[PDB]
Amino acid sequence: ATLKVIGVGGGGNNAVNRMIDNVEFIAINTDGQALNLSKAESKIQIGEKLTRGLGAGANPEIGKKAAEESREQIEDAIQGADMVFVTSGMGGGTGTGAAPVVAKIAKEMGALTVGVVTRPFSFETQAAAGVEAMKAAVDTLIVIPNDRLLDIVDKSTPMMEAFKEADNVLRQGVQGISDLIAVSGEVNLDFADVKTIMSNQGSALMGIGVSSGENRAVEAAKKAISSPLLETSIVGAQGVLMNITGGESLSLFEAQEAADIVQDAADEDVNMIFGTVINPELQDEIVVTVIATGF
């Protein structure tokens, strides 16, 4: 399976470069100056015509249209990808507008598309606007802190299994879920300021944990419900979807070690679906996803 990490804009090119220091990287920008600082092997300047003689003040809309203009070139850089990771990293600029369009393009190619947001936002507004557009355009949105960025590439295969699970849940509409946001690590986010992006009903929150070695099942399950969002939400949650995936060394009894951690954290009357996959391509790592819904 081919994975592609796409960095869009000032922040995204800076995101890609830190990650570069088994994944193809692609750097997209309306600003060709920034494109020369990229160590990406494949770089794409978008909106050459639209941006001629432009100066400061470049907004999201410029970048959105710019990406539509260079659509074919974006398609040729994504050709053959099974999964795609798109980020516009920190900061503003044109990437905020372009990154959704890039995501939308890869989806119509049929790649599983994941939006990575590291830029702080709150909804209780320019950054926040960008987050909403990304979320309409991707299969799954994951919010993660910037200092934890390297995890999405360091544990890309476990996190691959997590986003497939999220894409499956969101399309089947399991337990009525119609809208889903994923979280990794300690995020500065509050339910209040996320409930606005998400649906009036059927919204869900997914935590992820990946771990290996001694006590791995329990530490993954712990990591999964550790971020503020999950910690608060899983308590009142009416439904919980739990999944642990591992390779041949995982046994049902180890899996159950994780399921117990989560079940102790959800309240007593929860409707909890617990799944366990043994998947050889995982080797020695395990991934725990905990999906909460029904707030």
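The first residue of the shown sequence is 1; numbering continues from there.
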Per the entry, how many deposited residues between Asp21 and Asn22 lack coordinates? The answer is 4 to 9
Counting residues of the deposited sequence that sit between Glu214 and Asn215 but have no coordinates, the total is none
Take the C-alpha B-factors listed in the entry for 197-205 and for 99-107, compute each mean, and give the stretch with the larger one.
197-205
If you take the mean CA temperature factor per stretch, which one wins between 53-61 and 37-45?
53-61
Residue selected from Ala129, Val117, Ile225, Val138 by maximal Cα B factor:
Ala129
For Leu189, does the deposited CA B-factor place it in the lowest, middle or highest third of the chain?
highest
Of the three thirds of Cα B-factor ranks in this chain, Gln175 occupies the lowest
Would the CA B-factor of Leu282 place it in the lowest, middle or highest third of its chain?
highest
Report the third (lowest, middle or highest) to which the CA temperature factor of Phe163 belongs, ranking only the modelled residues of the same chain.
middle
Within this chain's modelled residues, let me know which third the CA B factor of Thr94 belongs to: lowest, middle or highest.
lowest
